[PDB]
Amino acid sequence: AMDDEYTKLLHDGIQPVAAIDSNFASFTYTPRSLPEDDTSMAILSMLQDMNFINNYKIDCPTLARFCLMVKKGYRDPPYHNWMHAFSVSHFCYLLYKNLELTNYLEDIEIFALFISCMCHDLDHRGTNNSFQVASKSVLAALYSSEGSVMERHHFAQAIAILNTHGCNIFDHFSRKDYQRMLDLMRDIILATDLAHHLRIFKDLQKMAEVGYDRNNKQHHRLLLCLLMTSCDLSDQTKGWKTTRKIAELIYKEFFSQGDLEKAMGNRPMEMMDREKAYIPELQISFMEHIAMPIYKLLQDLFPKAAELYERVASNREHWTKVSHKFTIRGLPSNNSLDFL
């Protein structure tokens, strides 16, 4: 089945990006609307449109195999699946199309960001770093001493794909350019650990305050981290219907984890405990404390990113507005108090 997919990807030609959807390159576009079966071709279309295939003389058979392998490397938990990776990668493309990234970052850096987006949650098992440590998982055996357990795994999985015969999209690169690409993928993927973001937050604030300096290599590193985080959280920048659906997915995933924690006798965090978690309040707190400040930083650095912050702000207000619906007024639709 992967064989036949590959055959079509390679021999059919790369679909023009404009044939995917008329609004494909707009911040309003919702990539989750694309059928999953169309997504590997859409990755090829974006890579083509950003000129990466020609600029880096990426081998077409290799690229087709790599894209399919990355897709195959995602499991199917409610949120951390290939459609999340696809939507994150699409947002990277949007930033490229809409924010003039070539004025801030090196070509190889923008390339690294996009490839990292595709790979950044590889082999996610629907549980977080704390769970790896508490459950004494294999991944914690490997990586707990360094921290960012899952992110180290995702990076390791990306390298394992590249090291698979026929999949190394970078193997004609110079030793220096190869080393650079793999180092950028390390830094960017590790940047997806929200703990890392929180650590560097004041440094990001300082960068926005002083103004971005293109000749400052630390500015490049910080900006990459900020863009990766903005891609990861980008579902919050769409319409109400997207944020609502993404809340159902992420809390389903969390509460499944909470259920497993209880099953091993540990008290889950409130936010993972389906008996305690109050979703509107958790999502509001997340938006206020994490998401809004990110997109405000992005707006500070890229004036044309203002619409993103405004959508997150509006979505947070929507959560305040529907919160009252989490209180049962009258009787249930049942007409029954049996639930008591």
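The first residue of the shown sequence is 1; numbering continues from there. So that the term is clear: the rigid core is the largest set of C-alpha atoms that superpose within 1.5 Å between two forms.
- In a rigid core superposition of the other structures in 9 other deposited structures of this protein, 122 to 130 and 193 to 201 differ in how far their CA atoms stray, and the farther one is 122 to 130.
- Here 174 to 182 and 150 to 158 are scored by the root mean square distance of their C-alpha atoms in 9 other deposited structures of this protein, with each structure fitted by the rigid core; the higher score goes to 150 to 158.
- A summary of the deposited B-factors shows that, of 297 to 305 and 34 to 42, the stretch with the larger mean C-alpha value is 297 to 305.
- Two stretches are in play, 175 to 183 and 244 to 252, and the higher mean C-alpha B-factor belongs to 175 to 183.
- Per the PDB record, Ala208 has a higher Cα B-factor than any other of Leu142, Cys117, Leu190, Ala208.
- In the deposited entry, the Cα temperature factor of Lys238 sits in the middle third of values across the chain's modelled residues.
- Compared with the other modelled residues of the chain, the Cα B-factor recorded for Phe91 ranks in the lowest third.
- Residue-level temperature factors show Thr102 in the highest third of its chain, judged at the C-alpha atom.
- The PDB entry assigns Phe201 a C-alpha temperature factor belonging to the middle third of its chain's modelled residues.
- Placement of the Cα temperature factor of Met69 within the chain: lowest third of the modelled residues, per the deposited record.
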